[PDB]
Amino acid sequence: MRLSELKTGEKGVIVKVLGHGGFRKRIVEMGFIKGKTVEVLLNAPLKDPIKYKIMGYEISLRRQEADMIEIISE
């Protein structure tokens with residue numbers, strides 16, 4: 001499933017960052033690396049961005065960016 005599908009309080013593990021080269025390197029550089037848990041701190045309906053936590057850091061992504069990250073839910 002895509003990361004944007006997780007609701008507030010849910011967790012998953014990154015399996016793949018999709019998109020083109022520039023987008024991928026941008027997202028991976030924020031800390032979205034394979035095999036680490038991502039926790040949803042706030043996915044508020046219709047509001048942008050979504051607030052995540054991974055590698056111990058708070059990171060916000062636009063919903064359309066989180067649409068492009070494949071995860072497996074915990």
Side-chain angles (χ1 to χ4, degrees):
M1 68 172 66
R2 301 302 173 85
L3 179 61
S4 60
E5 299 180 61
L6 283 191
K7 293 176 302 186
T8 301
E10 300 187 330
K11 300 175 160 189
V13 174
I14 299 171
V15 294
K16 179 62 173 171
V17 178
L18 305 179
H20 312 147
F23 169 79
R24 284 195 313 262
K25 312 183 231 143
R26 190 161 73 72
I27 290 300
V28 176
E29 221 175 277
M30 294 170 104
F32 290 100
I33 59 159
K34 282 198 270 290
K36 290 290 174 292
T37 303
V38 187
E39 181 181 10
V40 183
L41 299 184
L42 181 55
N43 180 358
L46 294 181
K47 297 197 190 183
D48 252 345
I50 302 172
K51 189 189 316 201
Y52 300 103
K53 184 167 185 105
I54 177 185
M55 298 267 315
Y57 293 95
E58 296 191 15
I59 309 172
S60 293
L61 282 190
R62 314 286 300 176
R63 188 167 279 104
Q64 67 132 318
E65 303 169 330
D67 288 340
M68 291 309 285
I69 302 174
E70 197 81 49
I71 59 156
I72 296 174
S73 193
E74 286 212 333

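Index from 1, following the sequence. Below, each value reflects all heavy atoms present in this structure, side chains not excepted, and no hydrogens, waters or symmetry copies.
Residues that satisfy the side-chain contact (heavy atoms from CB on, under 4.5 Å) test with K51, not counting sequence neighbours, are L41, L42, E58, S60. A search for side-chain contact (heavy atoms from CB on, under 4.5 Å) contacts involving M30 returns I27, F32, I59, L61, not counting sequence neighbours. Under the side chain to side chain donor-acceptor pair (under 3.5 Å) criterion, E10 pairs with no residue, sequence neighbours left out.
In the hydrophobic clustering of ILVMFWY residues, with side-chain heavy atoms under 4.5 Å counting as a link, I69 and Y57 come out together.
Atom CD of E39 and atom OG1 of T8 lie 10.0 Å apart (nearest 0.5 Å). Atoms NE2 and CZ, on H20 and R26 in that order, are 12.5 Å from each other to the nearest 0.5 Å.
Minimum interatomic distance between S4 and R63 (heavy atoms only, all atoms of both residues): CB-O, 3.9 Å.
Between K36 and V38 the shortest side-chain heavy-atom distance does not fall below 4.5 Å. Taking the side chain as every heavy atom from C-beta outward, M68 and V17 never approach each other to under 4.5 Å. Using a 4.5 Å cut-off on side-chain heavy atoms (C-beta onward), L6 and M1 make contact. At least one side-chain heavy atom of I71 sits less than 4.5 Å from a side-chain heavy atom of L3.
Under a 3.5 Å cut-off, the side chain of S73 and the backbone N or O of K11 do form a donor-acceptor pair.
Using a 4.0 Å cut-off between charged side-chain N and carboxylate O, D67 and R2 make no salt bridge.
Tested against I14, the residues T37, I54, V28 include a single side chain to side chain contact (heavy atoms under 4.5 Å, CB included) partner, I54.
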